[PDB]
Amino acid sequence: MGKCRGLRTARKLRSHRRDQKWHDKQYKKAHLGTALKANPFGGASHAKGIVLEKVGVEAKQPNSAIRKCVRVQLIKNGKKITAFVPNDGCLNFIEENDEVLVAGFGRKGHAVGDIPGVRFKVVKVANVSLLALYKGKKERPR
Amino acid sequence: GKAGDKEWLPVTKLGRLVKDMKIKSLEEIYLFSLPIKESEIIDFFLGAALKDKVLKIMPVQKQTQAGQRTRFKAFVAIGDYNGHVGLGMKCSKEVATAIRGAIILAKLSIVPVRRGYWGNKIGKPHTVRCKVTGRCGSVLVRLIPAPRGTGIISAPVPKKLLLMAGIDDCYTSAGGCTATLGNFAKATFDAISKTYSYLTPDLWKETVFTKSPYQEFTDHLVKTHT
Amino acid sequence: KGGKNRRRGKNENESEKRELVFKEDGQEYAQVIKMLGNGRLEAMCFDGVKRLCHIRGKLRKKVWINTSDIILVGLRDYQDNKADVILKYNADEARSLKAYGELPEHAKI
Amino acid sequence: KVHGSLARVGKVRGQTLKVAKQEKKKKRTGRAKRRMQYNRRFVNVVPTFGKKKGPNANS
RNA sequence: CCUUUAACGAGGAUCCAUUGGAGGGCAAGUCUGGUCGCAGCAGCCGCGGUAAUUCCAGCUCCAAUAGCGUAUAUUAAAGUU
RNA sequence: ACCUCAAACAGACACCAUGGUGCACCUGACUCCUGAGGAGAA
């Protein structure tokens, strides 16, 4: 309520809504494309890179742990992304200066859990999954 | 070994007329809009079709200089599948006592519902007569009539109450904070009340103003009875 | 602290004294260089390599590690620059270790 | 204690015992798996006074 | 290839159903062993500081099923355009 | 003088800062029949 309800006010409605839609956060990222330019991804679900070097990443309080991530440079941008490594002992199955395949966490822009500064994780080392390396139904191909 | 109950000696006038069995239905009581002040009156007319469905058992607690003190507050629904439902809240120090306090209170607050048809008749009403609402502090419900066999299309909370009411078909929609279910269920119950308090063209013919049971059966009550 | 209260709801204490791992493989003795804030801290290892030390759970606010003094540090399996604190000692324990001739004889307390 | 640093990975998984008791018994599929599920829950017919039991209880 | 037809072709040990989960949201363990704020889990809320219903394993149980999980775009949920 | 109206009214202030940390859901409603013929006797 508190607004026009004319019969010839189609212009004053459809131009107002087209302006006040930009104050929404979601809409403003989709249509400016500043999302694409700023992201290390092109909007692609995955991406591929080459390892730079292992790191240890401290946890946010209350939790205290060391989380053993990696840091990676990409093939098609040359810029750098810091990527989590999953389950116990899977760090060892990643060896420095090889290729890897990365993927987002599942929150689509934001850092997940108690680990800060990480927005990406790792899925395949070299056409072989972290699962089959971990479980033992496959072996290192080298 | 030793046998025989003796339970329920009325201290209430209305209770005594039921115990002597000169009031033959609850429908007389509701027509004069009397209070019901005892929980055995209802449990005399019914008691072999009333089920209970304990919704939530919620803690609350205040603060004092010795720390916390917690009391348990539970909601308990009640209704037979012929048109009578009720609802009650109660709190107590412990759990079982609060539940049993609510099963009493819900019987006390029991009311009838009015059921109606969609757009045509084939006997036995299956849905709500008219499109009504009911609000309890920023929660509201919009019970909308529905055709046969659609089922009750609602959230889990009102689906209890409406199913016990015998209202088998309904469309609904909520507005506001339904997370705090104490509002949500009381607002549903509010809506279900309004069904006989909504004027329809059927009811436009004038009532005959028949004399009250209080008046007619007063002859037995001139002894010492109150 | 200077007495106070609310310091007994929780497990007094103390070090009933005790004894004495080392080094182990990537798990060796260092000396505090500085004393940063936030939480982390600096500590040069006794071998010659520098490193930056990090605090460990529990030892958080359960044990204060003033500036200057020996302390037990694990090395990260892969990382050089950052390393991970363990198990501190006592100043008496550190001078007994020095007298034994197991850590290098270079730092004073 | 913890000795040989606490940054070490493979720790918990490389010091646990590994045991098994792999099946000889073949489990059912498709139709019959639903048949047993129907009978074992509803058509037995066991249920008694109000209880919390669940369909599992190794307590 | 399919359909149609000879001749061989089922005793459950193999002519082998998997993919996820069991603290709450949300259907299913306050079982046993190991680890002890370490290693890890955790969309979210939170689990681990020697008695872990949440970690690593065993057993059991639950869901869907020749399919199931994960990442990303997008709609419904949103009367939060 | 005494004697003849009838309402309330204490007053000004030096200084005085800061507290190593890890606590507190594991919460539900059909049961009594113990005994009595018992016990002595049996």
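Derivation of every value follows stated rules applied to the coordinates shown; laboratory data play no part. Methodologically, a virtual Cβ is constructed for each residue, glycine included, from the backbone with ideal geometry; neighbour enumeration extends over all protein chains shown.
With the condition kept exactly as written, say whether any residue in the range A:38-49 is among the hydroxyl-bearing types (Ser, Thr, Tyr), surrounded by 13 or more Cβ atoms within 10 Å (Cβ to Cβ) and more than 14 Å from chain D (Cβ to nearest Cβ).
Checked the range A:38-49: no residue is among the hydroxyl-bearing types (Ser, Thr, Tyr), surrounded by 13 or more Cβ atoms within 10 Å (Cβ to Cβ) and more than 14 Å from chain D (Cβ to nearest Cβ).
Would you call B:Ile104 surrounded by fewer than 19 Cβ atoms within 10 Å (Cβ to Cβ), closer than 21 Å to B:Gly182 by Cα, within 16 Å of RNA strand E (Cβ to nearest atom) and not polar (S, T, N, Q)?
Taking the combined requirement at face value, the residue does not satisfy it.
Please find, among D:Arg34, D:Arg8, D:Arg28, the residue that is surrounded by 10 or more Cβ atoms within 10 Å (Cβ to Cβ) and part of a helix (DSSP H, G or I).
D:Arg34
Among the numbered criteria (1) away from chain C (no Cβ under 14 Å); (2) within 16 Å of RNA strand F (Cβ to nearest atom); (3) not small (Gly, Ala, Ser), which single criterion is violated by D:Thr16?
Going through the list (1) away from chain C (no Cβ under 14 Å); (2) within 16 Å of RNA strand F (Cβ to nearest atom); (3) not small (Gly, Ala, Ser), D:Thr16 breaks only (2).
Before we move on, is C:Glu19 within 14 Å of chain D (Cβ to nearest Cβ) and surrounded by fewer than 10 Cβ atoms within 10 Å (Cβ to Cβ)?
The answer is yes for C:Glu19.
Which residues, taken from the range A:58-81, are within 14 Å of chain C (Cβ to nearest Cβ), more than 10 Å from RNA strand E (Cβ to nearest atom) and either more than 16 Å from the chain's Cα centre (by Cα) or of a type outside the set (A, V, I, L, M, F, W, C) (or both)?
A:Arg71
Scanning the range C:92-109 for residues that are within 25 Å of C:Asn13 (Cα to Cα) and surrounded by fewer than 18 Cβ atoms within 10 Å (Cβ to Cβ), which turns out farthest from the other protein chains (Cβ to nearest Cβ)?
Once the filter is applied, the top-ranked residue is C:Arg95.
Condition check: surrounded by 14 or more Cβ atoms within 10 Å (Cβ to Cβ), among the hydroxyl-bearing types (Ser, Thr, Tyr) and within 17 Å of the chain's Cα centre (by Cα). Does B:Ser109 satisfy that?
It is true that B:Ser109 is surrounded by 14 or more Cβ atoms within 10 Å (Cβ to Cβ), among the hydroxyl-bearing types (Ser, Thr, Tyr) and within 17 Å of the chain's Cα centre (by Cα).
Tell me which residues, restricted to the range D:22-40, are of a type in the set (D, E, K, R) and either within 16 Å of RNA strand F (Cβ to nearest atom) or more than 18 Å from the chain's Cα centre (by Cα) (or both).
D:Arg31, D:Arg34, D:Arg35
Tally the residues that are closer than 21 Å to B:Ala187 by Cβ and among the small types (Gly, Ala, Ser), restricting the search to the range B:46-91.
Number of matching residues: 6.
Against the condition of a type in the set (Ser, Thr, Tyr) and part of a strand (DSSP E or B), how does C:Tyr29 come out, does it pass?
yes
Considering only the range B:20-110, give the strands (runs of 3 or more DSSP E) lying wholly within it that have at least 1 residues that are within 16 Å of RNA strand F (Cβ to nearest atom) and of a type in the set (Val, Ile, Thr).
So the answer is B:51-64, B:67-79.
Select the strands (runs of 3 or more DSSP E) contained entirely in the range C:51-91, then report the ones holding at least 2 residues which are away from RNA strand E (no atom under 14 Å from the Cβ), crowded, with 18+ Cβ neighbours inside 10 Å and away from every other protein chain (no Cβ under 13 Å).
C:70-74
Where residues in the range B:74-97 are within 20 Å of B:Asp169 (Cα to Cα) and out of contact with any helix residue (DSSP H, G or I) (no Cβ under 7 Å at 6 or more places or on another chain), which of them is surrounded by the fewest Cβ atoms within 10 Å (Cβ to Cβ)?
The extreme case among them is B:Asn82.
Of (1) more than 19 Å from D:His3 (Cβ to Cβ); (2) within 12 Å of chain D (Cβ to nearest Cβ); (3) not charged (D, E, K, R), C:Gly48 satisfies all except one. Which?
For C:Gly48, the exception is condition (2).
Among the listed residues C:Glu28, C:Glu42, identify the single one that is more than 15 Å from RNA strand E (Cβ to nearest atom) and either in contact with a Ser or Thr (Cβ under 8 Å, 6 or more places away or on another chain) or away from chain D (no Cβ under 14 Å) (or both).
Matching residue, one of C:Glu28, C:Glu42: C:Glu42.
Going by the structure shown, is B:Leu87 touching a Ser or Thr at 6+ places or on another chain (Cβ under 8 Å), farther than 21 Å from B:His220 by Cα and in contact (Cβ under 8 Å) with a residue 40 or more places away in the chain?
Against the criterion (touching a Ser or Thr at 6+ places or on another chain (Cβ under 8 Å), farther than 21 Å from B:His220 by Cα and in contact (Cβ under 8 Å) with a residue 40 or more places away in the chain), B:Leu87 qualifies.
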